[PDB]
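This is input15.txt. It holds compact mmCIF, N, CA and C atoms.
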```
# COMPACT_ATOMS: atom_id res chain seq x y z
N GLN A 4 0.89 136.08 93.68
CA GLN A 4 -0.47 136.61 93.69
C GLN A 4 -0.89 137.11 95.08
N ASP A 5 -2.04 137.78 95.10
CA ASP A 5 -2.42 138.62 96.24
C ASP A 5 -2.60 137.82 97.53
N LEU A 6 -3.23 136.65 97.46
CA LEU A 6 -3.51 135.89 98.68
C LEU A 6 -2.24 135.50 99.42
N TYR A 7 -1.11 135.40 98.72
CA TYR A 7 0.17 135.27 99.41
C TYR A 7 0.72 136.62 99.82
N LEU A 8 0.56 137.63 98.96
CA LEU A 8 1.05 138.96 99.30
C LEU A 8 0.35 139.50 100.54
N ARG A 9 -0.96 139.27 100.65
CA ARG A 9 -1.70 139.81 101.79
C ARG A 9 -1.30 139.12 103.09
N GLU A 10 -1.09 137.80 103.05
CA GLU A 10 -0.58 137.13 104.23
C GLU A 10 0.88 137.50 104.49
N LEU A 11 1.65 137.74 103.42
CA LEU A 11 2.97 138.35 103.59
C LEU A 11 2.84 139.73 104.21
N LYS A 12 1.84 140.50 103.78
CA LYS A 12 1.51 141.74 104.46
C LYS A 12 1.06 141.47 105.89
N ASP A 13 0.30 140.39 106.10
CA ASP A 13 -0.13 140.05 107.44
C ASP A 13 1.06 139.74 108.34
N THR A 14 2.13 139.19 107.77
CA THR A 14 3.37 139.02 108.53
C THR A 14 4.04 140.34 108.84
N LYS A 15 3.62 141.43 108.20
CA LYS A 15 4.16 142.76 108.46
C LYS A 15 3.20 143.62 109.28
N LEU A 16 2.15 143.03 109.83
CA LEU A 16 1.26 143.73 110.76
C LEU A 16 1.23 143.08 112.13
N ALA A 17 0.88 141.79 112.22
CA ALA A 17 0.76 141.17 113.54
C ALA A 17 2.13 140.88 114.15
N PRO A 18 3.05 140.18 113.47
CA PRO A 18 4.36 139.93 114.07
C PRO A 18 5.39 141.01 113.78
N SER A 19 5.05 142.05 113.01
CA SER A 19 5.99 143.14 112.80
C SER A 19 6.31 143.86 114.10
N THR A 20 5.30 144.10 114.94
CA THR A 20 5.51 144.68 116.25
C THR A 20 6.00 143.67 117.28
N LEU A 21 5.90 142.37 116.97
CA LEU A 21 6.30 141.35 117.93
C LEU A 21 7.82 141.28 118.06
N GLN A 22 8.51 140.99 116.96
CA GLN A 22 9.97 140.87 117.00
C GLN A 22 10.63 141.75 115.95
N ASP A 23 9.95 141.95 114.81
CA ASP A 23 10.51 142.81 113.77
C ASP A 23 10.67 144.24 114.27
N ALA A 24 9.69 144.73 115.02
CA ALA A 24 9.77 146.00 115.73
C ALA A 24 9.51 145.74 117.22
N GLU A 25 9.51 146.82 118.00
CA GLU A 25 9.28 146.69 119.43
C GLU A 25 8.06 147.48 119.86
N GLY A 26 6.97 147.37 119.11
CA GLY A 26 5.72 148.01 119.46
C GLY A 26 4.85 147.14 120.34
N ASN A 27 5.48 146.35 121.21
CA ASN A 27 4.81 145.41 122.12
C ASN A 27 3.95 144.47 121.27
N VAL A 28 2.67 144.28 121.59
CA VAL A 28 1.82 143.36 120.84
C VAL A 28 0.36 143.72 121.08
N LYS A 29 -0.41 143.81 119.99
CA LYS A 29 -1.81 144.20 120.09
C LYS A 29 -2.73 143.05 120.50
N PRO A 30 -2.68 141.88 119.84
CA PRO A 30 -3.62 140.81 120.21
C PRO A 30 -3.45 140.31 121.63
N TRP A 31 -2.23 140.28 122.16
CA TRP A 31 -2.01 139.73 123.49
C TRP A 31 -2.34 140.76 124.57
N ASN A 32 -2.99 140.30 125.63
CA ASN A 32 -3.21 141.14 126.80
C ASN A 32 -1.94 141.22 127.65
N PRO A 33 -1.27 140.10 127.97
CA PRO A 33 0.02 140.21 128.65
C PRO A 33 1.05 140.87 127.75
N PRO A 34 1.95 141.67 128.31
CA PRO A 34 2.96 142.34 127.49
C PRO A 34 4.10 141.39 127.11
N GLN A 35 4.81 141.78 126.05
CA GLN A 35 5.94 141.01 125.57
C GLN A 35 7.28 141.50 126.11
N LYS A 36 7.36 142.75 126.55
CA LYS A 36 8.63 143.35 126.92
C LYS A 36 9.13 142.92 128.30
N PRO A 37 8.32 142.97 129.36
CA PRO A 37 8.87 142.59 130.67
C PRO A 37 8.83 141.09 130.93
N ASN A 38 9.16 140.27 129.92
CA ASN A 38 9.39 138.85 130.15
C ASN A 38 10.79 138.42 129.76
N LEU A 39 11.17 138.57 128.48
CA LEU A 39 12.44 138.05 127.98
C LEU A 39 13.63 138.98 128.20
N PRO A 40 13.56 140.27 127.84
CA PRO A 40 14.75 141.12 127.93
C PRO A 40 15.08 141.68 129.30
N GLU A 41 14.19 141.58 130.29
CA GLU A 41 14.52 142.03 131.63
C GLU A 41 14.40 140.93 132.67
N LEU A 42 13.30 140.16 132.65
CA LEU A 42 13.15 139.09 133.63
C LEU A 42 13.91 137.84 133.20
N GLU A 43 13.90 137.54 131.90
CA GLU A 43 14.55 136.35 131.37
C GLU A 43 15.94 136.65 130.81
N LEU A 44 16.35 137.92 130.76
CA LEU A 44 17.74 138.22 130.45
C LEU A 44 18.66 137.66 131.52
N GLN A 45 18.25 137.77 132.79
CA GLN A 45 18.90 137.05 133.87
C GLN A 45 18.40 135.62 133.99
N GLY A 46 17.51 135.21 133.09
CA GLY A 46 16.99 133.86 133.06
C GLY A 46 18.04 132.78 132.92
N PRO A 47 18.99 132.93 131.99
CA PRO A 47 20.09 131.95 131.94
C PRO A 47 20.85 131.86 133.25
N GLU A 48 21.08 132.99 133.92
CA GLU A 48 21.68 132.99 135.24
C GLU A 48 20.65 132.86 136.35
N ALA A 49 19.36 132.84 136.01
CA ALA A 49 18.34 132.36 136.93
C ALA A 49 18.20 130.84 136.89
N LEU A 50 18.78 130.19 135.88
CA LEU A 50 18.83 128.74 135.81
C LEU A 50 20.10 128.21 136.46
N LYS A 51 21.23 128.89 136.25
CA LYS A 51 22.48 128.59 136.93
C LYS A 51 22.62 129.50 138.14
N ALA A 52 23.77 129.42 138.80
CA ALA A 52 24.02 130.18 140.02
C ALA A 52 24.65 131.53 139.68
N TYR A 53 24.25 132.56 140.42
CA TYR A 53 24.75 133.91 140.21
C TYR A 53 25.78 134.27 141.27
N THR A 54 26.59 135.29 140.94
CA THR A 54 27.57 135.98 141.79
C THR A 54 28.59 135.02 142.39
N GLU A 55 28.57 133.76 141.96
CA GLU A 55 29.56 132.78 142.39
C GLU A 55 30.24 132.07 141.23
N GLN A 56 29.50 131.72 140.18
CA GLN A 56 30.08 131.05 139.04
C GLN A 56 29.84 131.76 137.71
N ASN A 57 28.92 132.72 137.66
CA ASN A 57 28.86 133.64 136.52
C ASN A 57 29.91 134.73 136.66
N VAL A 58 30.02 135.30 137.86
CA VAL A 58 31.20 136.09 138.20
C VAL A 58 32.44 135.21 138.14
N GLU A 59 32.26 133.91 138.37
CA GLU A 59 33.22 132.81 138.28
C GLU A 59 34.18 132.77 139.46
N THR A 60 34.19 133.77 140.34
CA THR A 60 34.95 133.77 141.59
C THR A 60 36.38 133.26 141.37
N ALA A 61 37.15 134.06 140.63
CA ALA A 61 38.53 133.68 140.36
C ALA A 61 39.31 133.74 141.67
N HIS A 62 39.38 132.60 142.35
CA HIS A 62 39.85 132.52 143.72
C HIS A 62 41.31 132.09 143.77
N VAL A 63 42.08 132.74 144.63
CA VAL A 63 43.46 132.33 144.85
C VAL A 63 43.47 130.94 145.47
N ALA A 64 44.30 130.05 144.92
CA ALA A 64 44.38 128.70 145.45
C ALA A 64 44.93 128.72 146.87
N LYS A 65 44.29 127.95 147.75
CA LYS A 65 44.72 127.90 149.14
C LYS A 65 46.12 127.31 149.22
N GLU A 66 47.02 128.01 149.91
CA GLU A 66 48.42 127.63 149.92
C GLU A 66 48.69 126.58 150.99
N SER A 67 49.35 125.49 150.59
CA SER A 67 49.77 124.44 151.50
C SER A 67 51.27 124.52 151.74
N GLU A 68 51.66 124.34 152.99
CA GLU A 68 53.05 124.50 153.42
C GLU A 68 53.73 123.14 153.51
N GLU A 69 55.02 123.18 153.83
CA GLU A 69 55.82 121.97 154.01
C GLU A 69 55.55 121.42 155.41
N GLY A 70 56.39 120.48 155.86
CA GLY A 70 56.23 119.90 157.18
C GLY A 70 56.65 120.82 158.31
N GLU A 71 56.18 122.07 158.27
CA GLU A 71 56.41 123.09 159.29
C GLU A 71 57.89 123.45 159.47
N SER A 72 58.76 122.94 158.60
CA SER A 72 60.19 123.25 158.63
C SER A 72 60.79 122.98 160.01
N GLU A 73 60.40 121.85 160.60
CA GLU A 73 60.83 121.46 161.94
C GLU A 73 61.40 120.05 161.86
N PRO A 74 62.62 119.89 161.35
CA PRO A 74 63.16 118.55 161.11
C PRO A 74 63.73 117.87 162.35
N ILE A 75 64.31 118.66 163.26
CA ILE A 75 65.14 118.10 164.32
C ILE A 75 64.32 117.21 165.25
N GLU A 76 63.10 117.63 165.58
CA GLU A 76 62.29 116.86 166.52
C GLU A 76 61.60 115.67 165.87
N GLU A 77 61.70 115.50 164.55
CA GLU A 77 61.07 114.37 163.88
C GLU A 77 62.07 113.50 163.14
N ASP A 78 63.08 114.10 162.50
CA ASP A 78 64.06 113.30 161.76
C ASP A 78 64.82 112.35 162.68
N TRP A 79 65.24 112.85 163.85
CA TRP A 79 65.91 111.98 164.81
C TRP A 79 64.93 110.96 165.40
N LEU A 80 63.69 111.38 165.66
CA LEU A 80 62.68 110.42 166.09
C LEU A 80 62.39 109.41 165.00
N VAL A 81 62.31 109.86 163.74
CA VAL A 81 62.22 108.92 162.63
C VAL A 81 63.47 108.05 162.58
N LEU A 82 64.64 108.66 162.79
CA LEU A 82 65.88 107.89 162.86
C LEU A 82 65.84 106.90 164.02
N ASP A 83 65.33 107.33 165.17
CA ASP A 83 65.14 106.39 166.28
C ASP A 83 64.11 105.33 165.92
N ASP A 84 63.02 105.72 165.26
CA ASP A 84 62.04 104.75 164.80
C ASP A 84 62.59 103.90 163.67
N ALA A 85 63.50 104.45 162.86
CA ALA A 85 64.18 103.64 161.85
C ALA A 85 64.99 102.53 162.50
N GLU A 86 65.60 102.82 163.66
CA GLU A 86 66.27 101.77 164.42
C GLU A 86 65.28 100.70 164.85
N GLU A 87 64.09 101.11 165.31
CA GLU A 87 63.08 100.16 165.73
C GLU A 87 62.63 99.28 164.57
N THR A 88 62.41 99.88 163.40
CA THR A 88 61.97 99.11 162.24
C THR A 88 63.06 98.15 161.77
N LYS A 89 64.31 98.61 161.71
CA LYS A 89 65.37 97.77 161.15
C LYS A 89 65.71 96.60 162.06
N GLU A 90 65.48 96.73 163.36
CA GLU A 90 65.52 95.56 164.22
C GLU A 90 64.43 94.57 163.85
N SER A 91 63.24 95.07 163.51
CA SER A 91 62.15 94.22 163.04
C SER A 91 62.27 93.88 161.56
N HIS A 92 62.99 94.68 160.78
CA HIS A 92 63.19 94.41 159.36
C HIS A 92 63.97 93.11 159.16
N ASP B 105 78.03 83.66 156.95
CA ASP B 105 76.68 84.20 156.88
C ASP B 105 76.71 85.72 157.03
N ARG B 106 77.56 86.22 157.92
CA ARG B 106 77.71 87.66 158.09
C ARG B 106 78.46 88.31 156.93
N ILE B 107 79.19 87.53 156.13
CA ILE B 107 79.72 88.06 154.87
C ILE B 107 78.57 88.47 153.96
N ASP B 108 77.57 87.59 153.82
CA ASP B 108 76.43 87.90 152.97
C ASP B 108 75.62 89.06 153.53
N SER B 109 75.40 89.08 154.85
CA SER B 109 74.58 90.13 155.45
C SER B 109 75.20 91.51 155.24
N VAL B 110 76.51 91.62 155.40
CA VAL B 110 77.19 92.89 155.13
C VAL B 110 77.13 93.21 153.64
N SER B 111 77.33 92.21 152.79
CA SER B 111 77.33 92.43 151.35
C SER B 111 75.93 92.71 150.80
N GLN B 112 74.89 92.53 151.61
CA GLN B 112 73.54 92.88 151.15
C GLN B 112 73.41 94.38 150.91
N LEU B 113 74.03 95.19 151.77
CA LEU B 113 73.89 96.64 151.71
C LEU B 113 75.21 97.33 151.39
N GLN B 114 76.12 96.63 150.72
CA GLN B 114 77.38 97.25 150.32
C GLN B 114 77.14 98.36 149.30
N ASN B 115 76.21 98.16 148.38
CA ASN B 115 75.92 99.10 147.31
C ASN B 115 74.63 99.89 147.53
N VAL B 116 73.89 99.60 148.60
CA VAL B 116 72.54 100.14 148.74
C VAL B 116 72.57 101.58 149.25
N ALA B 117 73.33 101.82 150.32
CA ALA B 117 73.19 103.08 151.06
C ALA B 117 73.54 104.29 150.21
N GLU B 118 74.58 104.20 149.38
CA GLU B 118 74.93 105.35 148.54
C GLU B 118 73.96 105.49 147.37
N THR B 119 73.42 104.37 146.89
CA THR B 119 72.40 104.41 145.85
C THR B 119 71.03 104.82 146.38
N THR B 120 70.81 104.75 147.69
CA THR B 120 69.57 105.26 148.27
C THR B 120 69.58 106.77 148.42
N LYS B 121 70.75 107.40 148.36
CA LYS B 121 70.83 108.85 148.46
C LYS B 121 70.18 109.53 147.25
N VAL B 122 70.55 109.11 146.03
CA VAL B 122 69.86 109.66 144.87
C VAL B 122 68.41 109.20 144.88
N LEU B 123 68.15 108.01 145.41
CA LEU B 123 66.78 107.55 145.64
C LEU B 123 66.06 108.48 146.61
N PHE B 124 66.69 108.76 147.76
CA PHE B 124 66.10 109.70 148.71
C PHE B 124 65.98 111.10 148.13
N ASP B 125 66.97 111.52 147.34
CA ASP B 125 66.93 112.83 146.70
C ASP B 125 65.74 112.95 145.76
N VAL B 126 65.73 112.14 144.70
CA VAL B 126 64.75 112.31 143.63
C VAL B 126 63.34 112.09 144.16
N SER B 127 63.18 111.14 145.09
CA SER B 127 61.86 110.90 145.68
C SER B 127 61.31 112.16 146.33
N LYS B 128 62.18 113.01 146.88
CA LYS B 128 61.71 114.23 147.52
C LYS B 128 61.11 115.19 146.50
N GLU B 129 61.79 115.41 145.38
CA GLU B 129 61.23 116.29 144.36
C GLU B 129 59.99 115.67 143.73
N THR B 130 60.06 114.40 143.34
CA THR B 130 58.93 113.76 142.67
C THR B 130 57.68 113.78 143.54
N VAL B 131 57.84 113.76 144.86
CA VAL B 131 56.69 113.96 145.75
C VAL B 131 56.30 115.43 145.77
N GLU B 132 57.21 116.29 146.21
CA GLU B 132 56.92 117.71 146.40
C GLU B 132 57.40 118.54 145.21
N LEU B 133 56.81 118.26 144.05
CA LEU B 133 56.92 119.14 142.88
C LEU B 133 55.59 119.21 142.13
N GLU B 134 54.48 119.11 142.85
CA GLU B 134 53.15 119.05 142.25
C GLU B 134 52.38 120.36 142.39
N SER B 135 53.08 121.47 142.63
CA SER B 135 52.42 122.74 142.88
C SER B 135 52.19 123.57 141.62
N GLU B 136 52.99 123.38 140.56
CA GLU B 136 52.86 124.24 139.39
C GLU B 136 51.54 123.99 138.66
N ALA B 137 51.19 122.72 138.44
CA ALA B 137 49.91 122.41 137.84
C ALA B 137 48.77 122.42 138.85
N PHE B 138 49.08 122.44 140.15
CA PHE B 138 48.06 122.74 141.14
C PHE B 138 47.50 124.14 140.93
N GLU B 139 48.38 125.10 140.60
CA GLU B 139 47.91 126.41 140.19
C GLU B 139 47.28 126.36 138.80
N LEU B 140 47.80 125.51 137.91
CA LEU B 140 47.14 125.29 136.63
C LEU B 140 45.76 124.66 136.84
N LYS B 141 45.64 123.77 137.83
CA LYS B 141 44.33 123.26 138.20
C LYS B 141 43.37 124.39 138.54
N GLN B 142 43.88 125.44 139.20
CA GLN B 142 43.04 126.58 139.53
C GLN B 142 42.55 127.30 138.28
N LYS B 143 43.40 127.37 137.25
CA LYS B 143 42.98 128.01 136.00
C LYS B 143 42.25 127.05 135.08
N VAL B 144 42.53 125.75 135.16
CA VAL B 144 41.78 124.78 134.38
C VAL B 144 40.33 124.74 134.84
N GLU B 145 40.11 124.70 136.16
CA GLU B 145 38.74 124.78 136.67
C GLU B 145 38.13 126.14 136.39
N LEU B 146 38.97 127.19 136.33
CA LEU B 146 38.48 128.50 135.92
C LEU B 146 38.00 128.47 134.47
N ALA B 147 38.65 127.66 133.63
CA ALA B 147 38.24 127.56 132.23
C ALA B 147 36.90 126.83 132.10
N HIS B 148 36.69 125.78 132.89
CA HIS B 148 35.47 125.00 132.77
C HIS B 148 34.24 125.83 133.09
N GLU B 149 34.28 126.60 134.18
CA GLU B 149 33.14 127.46 134.51
C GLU B 149 32.96 128.55 133.47
N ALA B 150 34.06 129.05 132.90
CA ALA B 150 33.96 130.01 131.81
C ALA B 150 33.28 129.39 130.60
N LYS B 151 33.64 128.15 130.27
CA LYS B 151 32.92 127.43 129.22
C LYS B 151 31.49 127.14 129.65
N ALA B 152 31.29 126.81 130.93
CA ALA B 152 29.96 126.43 131.40
C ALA B 152 28.98 127.59 131.30
N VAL B 153 29.38 128.79 131.73
CA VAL B 153 28.47 129.92 131.71
C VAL B 153 28.10 130.29 130.28
N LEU B 154 29.08 130.30 129.38
CA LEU B 154 28.79 130.66 128.00
C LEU B 154 27.99 129.56 127.31
N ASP B 155 28.30 128.30 127.60
CA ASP B 155 27.41 127.22 127.16
C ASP B 155 26.02 127.40 127.76
N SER B 156 25.96 127.84 129.02
CA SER B 156 24.67 128.17 129.61
C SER B 156 24.07 129.42 128.97
```

Kindly return the structure encoded in the file as structure tokens.
Amino acid sequence: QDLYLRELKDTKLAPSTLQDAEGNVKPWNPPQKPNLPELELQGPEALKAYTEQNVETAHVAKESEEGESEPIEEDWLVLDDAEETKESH
Amino acid sequence: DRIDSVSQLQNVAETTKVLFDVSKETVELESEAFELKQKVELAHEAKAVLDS
């Protein structure tokens, strides 16, 4: 009946321009467009960090080297220190 | 007494070679998943942003 149809029609006048269409909004003085799709579109990345973890910064892992590939000055010293330990061992 | 002392390491030194060998790899073979760590952490932020 009509009293539901007219409020169903009312759903096709007041909120039809709200989200069903993009005719901004008549009852509201503040606009609907420059909040969610431009200011709050970056809103999720205005809550998290930008240009570091949304870009995600796929960074090359810092490379770690061996013991400088210099065995002679330490292996014999370790061998000399191994003599010291095994006397105490 | 020196019979026992010598016999303490009769079998040790040659068996410490494979010990010294394998210990070297088991220590310094942790780089492949270190790079996987780089992509695993890459996955978490990828999940994090989309969850965000």

For chain B, report every residue with an atom at most 7 Å from chain A (counting only C-alpha atoms), formatted as JSON, numbers by chain.
-> {"B": [139, 142, 146, 149, 153, 156]}

Please measure the separation of atom C of residue 108 (chain B) and CA of residue 82 (chain A), giving the value in Å to one decimal.
->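 Pair atom C of residue 108 (chain B) / CA of residue 82 (chain A) returns 23.2 Å.
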
Pick out each residue of chain A that DSSP on the backbone tags as helix (DSSP H, G or I); I need them as a PyMOL selection string.
-> chain A and resi 5-13+19-23+46-50+75-91

Write the selection just made, keeping N, CA and C atoms, as a JSON list (two decimals), in the coordinates of the input?
```json
[["chain", "number", "residue", "atom", "x", "y", "z"],
["A", 5, "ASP", "N", -2.04, 137.78, 95.10],
["A", 5, "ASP", "CA", -2.42, 138.62, 96.24],
["A", 5, "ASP", "C", -2.60, 137.82, 97.53],
["A", 6, "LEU", "N", -3.23, 136.65, 97.46],
["A", 6, "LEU", "CA", -3.51, 135.89, 98.68],
["A", 6, "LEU", "C", -2.24, 135.50, 99.42],
["A", 7, "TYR", "N", -1.11, 135.40, 98.72],
["A", 7, "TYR", "CA", 0.17, 135.27, 99.41],
["A", 7, "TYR", "C", 0.72, 136.62, 99.82],
["A", 8, "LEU", "N", 0.56, 137.63, 98.96],
["A", 8, "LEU", "CA", 1.05, 138.96, 99.30],
["A", 8, "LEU", "C", 0.35, 139.50, 100.54],
["A", 9, "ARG", "N", -0.96, 139.27, 100.65],
["A", 9, "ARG", "CA", -1.70, 139.81, 101.79],
["A", 9, "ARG", "C", -1.30, 139.12, 103.09],
["A", 10, "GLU", "N", -1.09, 137.80, 103.05],
["A", 10, "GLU", "CA", -0.58, 137.13, 104.23],
["A", 10, "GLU", "C", 0.88, 137.50, 104.49],
["A", 11, "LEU", "N", 1.65, 137.74, 103.42],
["A", 11, "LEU", "CA", 2.97, 138.35, 103.59],
["A", 11, "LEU", "C", 2.84, 139.73, 104.21],
["A", 12, "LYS", "N", 1.84, 140.50, 103.78],
["A", 12, "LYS", "CA", 1.51, 141.74, 104.46],
["A", 12, "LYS", "C", 1.06, 141.47, 105.89],
["A", 13, "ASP", "N", 0.30, 140.39, 106.10],
["A", 13, "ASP", "CA", -0.13, 140.05, 107.44],
["A", 13, "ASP", "C", 1.06, 139.74, 108.34],
["A", 19, "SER", "N", 5.05, 142.05, 113.01],
["A", 19, "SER", "CA", 5.99, 143.14, 112.80],
["A", 19, "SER", "C", 6.31, 143.86, 114.10],
["A", 20, "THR", "N", 5.30, 144.10, 114.94],
["A", 20, "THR", "CA", 5.51, 144.68, 116.25],
["A", 20, "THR", "C", 6.00, 143.67, 117.28],
["A", 21, "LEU", "N", 5.90, 142.37, 116.97],
["A", 21, "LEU", "CA", 6.30, 141.35, 117.93],
["A", 21, "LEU", "C", 7.82, 141.28, 118.06],
["A", 22, "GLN", "N", 8.51, 140.99, 116.96],
["A", 22, "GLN", "CA", 9.97, 140.87, 117.00],
["A", 22, "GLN", "C", 10.63, 141.75, 115.95],
["A", 23, "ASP", "N", 9.95, 141.95, 114.81],
["A", 23, "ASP", "CA", 10.51, 142.81, 113.77],
["A", 23, "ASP", "C", 10.67, 144.24, 114.27],
["A", 46, "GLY", "N", 17.51, 135.21, 133.09],
["A", 46, "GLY", "CA", 16.99, 133.86, 133.06],
["A", 46, "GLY", "C", 18.04, 132.78, 132.92],
["A", 47, "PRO", "N", 18.99, 132.93, 131.99],
["A", 47, "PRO", "CA", 20.09, 131.95, 131.94],
["A", 47, "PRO", "C", 20.85, 131.86, 133.25],
["A", 48, "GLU", "N", 21.08, 132.99, 133.92],
["A", 48, "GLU", "CA", 21.68, 132.99, 135.24],
["A", 48, "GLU", "C", 20.65, 132.86, 136.35],
["A", 49, "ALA", "N", 19.36, 132.84, 136.01],
["A", 49, "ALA", "CA", 18.34, 132.36, 136.93],
["A", 49, "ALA", "C", 18.20, 130.84, 136.89],
["A", 50, "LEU", "N", 18.78, 130.19, 135.88],
["A", 50, "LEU", "CA", 18.83, 128.74, 135.81],
["A", 50, "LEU", "C", 20.10, 128.21, 136.46],
["A", 75, "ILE", "N", 64.31, 118.66, 163.26],
["A", 75, "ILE", "CA", 65.14, 118.10, 164.32],
["A", 75, "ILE", "C", 64.32, 117.21, 165.25],
["A", 76, "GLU", "N", 63.10, 117.63, 165.58],
["A", 76, "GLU", "CA", 62.29, 116.86, 166.52],
["A", 76, "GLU", "C", 61.60, 115.67, 165.87],
["A", 77, "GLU", "N", 61.70, 115.50, 164.55],
["A", 77, "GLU", "CA", 61.07, 114.37, 163.88],
["A", 77, "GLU", "C", 62.07, 113.50, 163.14],
["A", 78, "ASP", "N", 63.08, 114.10, 162.50],
["A", 78, "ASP", "CA", 64.06, 113.30, 161.76],
["A", 78, "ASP", "C", 64.82, 112.35, 162.68],
["A", 79, "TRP", "N", 65.24, 112.85, 163.85],
["A", 79, "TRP", "CA", 65.91, 111.98, 164.81],
["A", 79, "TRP", "C", 64.93, 110.96, 165.40],
["A", 80, "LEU", "N", 63.69, 111.38, 165.66],
["A", 80, "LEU", "CA", 62.68, 110.42, 166.09],
["A", 80, "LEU", "C", 62.39, 109.41, 165.00],
["A", 81, "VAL", "N", 62.31, 109.86, 163.74],
["A", 81, "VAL", "CA", 62.22, 108.92, 162.63],
["A", 81, "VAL", "C", 63.47, 108.05, 162.58],
["A", 82, "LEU", "N", 64.64, 108.66, 162.79],
["A", 82, "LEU", "CA", 65.88, 107.89, 162.86],
["A", 82, "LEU", "C", 65.84, 106.90, 164.02],
["A", 83, "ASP", "N", 65.33, 107.33, 165.17],
["A", 83, "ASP", "CA", 65.14, 106.39, 166.28],
["A", 83, "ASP", "C", 64.11, 105.33, 165.92],
["A", 84, "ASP", "N", 63.02, 105.72, 165.26],
["A", 84, "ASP", "CA", 62.04, 104.75, 164.80],
["A", 84, "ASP", "C", 62.59, 103.90, 163.67],
["A", 85, "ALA", "N", 63.50, 104.45, 162.86],
["A", 85, "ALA", "CA", 64.18, 103.64, 161.85],
["A", 85, "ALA", "C", 64.99, 102.53, 162.50],
["A", 86, "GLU", "N", 65.60, 102.82, 163.66],
["A", 86, "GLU", "CA", 66.27, 101.77, 164.42],
["A", 86, "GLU", "C", 65.28, 100.70, 164.85],
["A", 87, "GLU", "N", 64.09, 101.11, 165.31],
["A", 87, "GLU", "CA", 63.08, 100.16, 165.73],
["A", 87, "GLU", "C", 62.63, 99.28, 164.57],
["A", 88, "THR", "N", 62.41, 99.88, 163.40],
["A", 88, "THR", "CA", 61.97, 99.11, 162.24],
["A", 88, "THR", "C", 63.06, 98.15, 161.77],
["A", 89, "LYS", "N", 64.31, 98.61, 161.71],
["A", 89, "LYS", "CA", 65.37, 97.77, 161.15],
["A", 89, "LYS", "C", 65.71, 96.60, 162.06],
["A", 90, "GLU", "N", 65.48, 96.73, 163.36],
["A", 90, "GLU", "CA", 65.52, 95.56, 164.22],
["A", 90, "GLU", "C", 64.43, 94.57, 163.85],
["A", 91, "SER", "N", 63.24, 95.07, 163.51],
["A", 91, "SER", "CA", 62.15, 94.22, 163.04],
["A", 91, "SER", "C", 62.27, 93.88, 161.56]]
```

Where atoms are missing, can you supply N, CA, C and O atoms for region 54-64 of chain A and output the lot as a CSV table (one decimal), keeping the file's coordinate frame?
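Ended up saving to rebuild-v4.csv:
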```
chain,number,residue,atom,x,y,z
A,54,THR,N,26.6,135.3,140.9
A,54,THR,CA,27.6,136.0,141.8
A,54,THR,C,28.6,135.0,142.4
A,54,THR,O,29.4,135.4,143.2
A,55,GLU,N,28.6,133.8,142.0
A,55,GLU,CA,29.6,132.8,142.4
A,55,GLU,C,30.2,132.1,141.2
A,55,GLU,O,31.5,131.8,141.3
A,56,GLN,N,29.5,131.7,140.2
A,56,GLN,CA,30.1,131.0,139.0
A,56,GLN,C,29.8,131.8,137.7
A,56,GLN,O,30.5,131.4,136.7
A,57,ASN,N,28.9,132.7,137.7
A,57,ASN,CA,28.9,133.6,136.5
A,57,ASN,C,29.9,134.7,136.7
A,57,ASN,O,30.6,135.1,135.7
A,58,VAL,N,30.0,135.3,137.9
A,58,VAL,CA,31.2,136.1,138.2
A,58,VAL,C,32.4,135.2,138.1
A,58,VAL,O,33.5,135.7,137.9
A,59,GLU,N,32.3,133.9,138.4
A,59,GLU,CA,33.2,132.8,138.3
A,59,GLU,C,34.2,132.8,139.5
A,59,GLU,O,34.9,131.8,139.6
A,60,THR,N,34.2,133.8,140.3
A,60,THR,CA,35.0,133.8,141.6
A,60,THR,C,36.4,133.3,141.4
A,60,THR,O,36.8,132.2,141.8
A,61,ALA,N,37.2,134.1,140.6
A,61,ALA,CA,38.5,133.7,140.4
A,61,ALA,C,39.3,133.7,141.7
A,61,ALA,O,39.8,134.8,142.1
A,62,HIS,N,39.4,132.6,142.4
A,62,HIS,CA,39.8,132.5,143.7
A,62,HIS,C,41.3,132.1,143.8
A,62,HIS,O,41.7,131.2,143.0
A,63,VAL,N,42.1,132.7,144.6
A,63,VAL,CA,43.5,132.3,144.8
A,63,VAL,C,43.5,130.9,145.5
A,63,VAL,O,42.7,130.7,146.4
A,64,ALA,N,44.3,130.0,144.9
A,64,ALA,CA,44.4,128.7,145.4
A,64,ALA,C,44.9,128.7,146.9
A,64,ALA,O,45.9,129.4,147.2
```
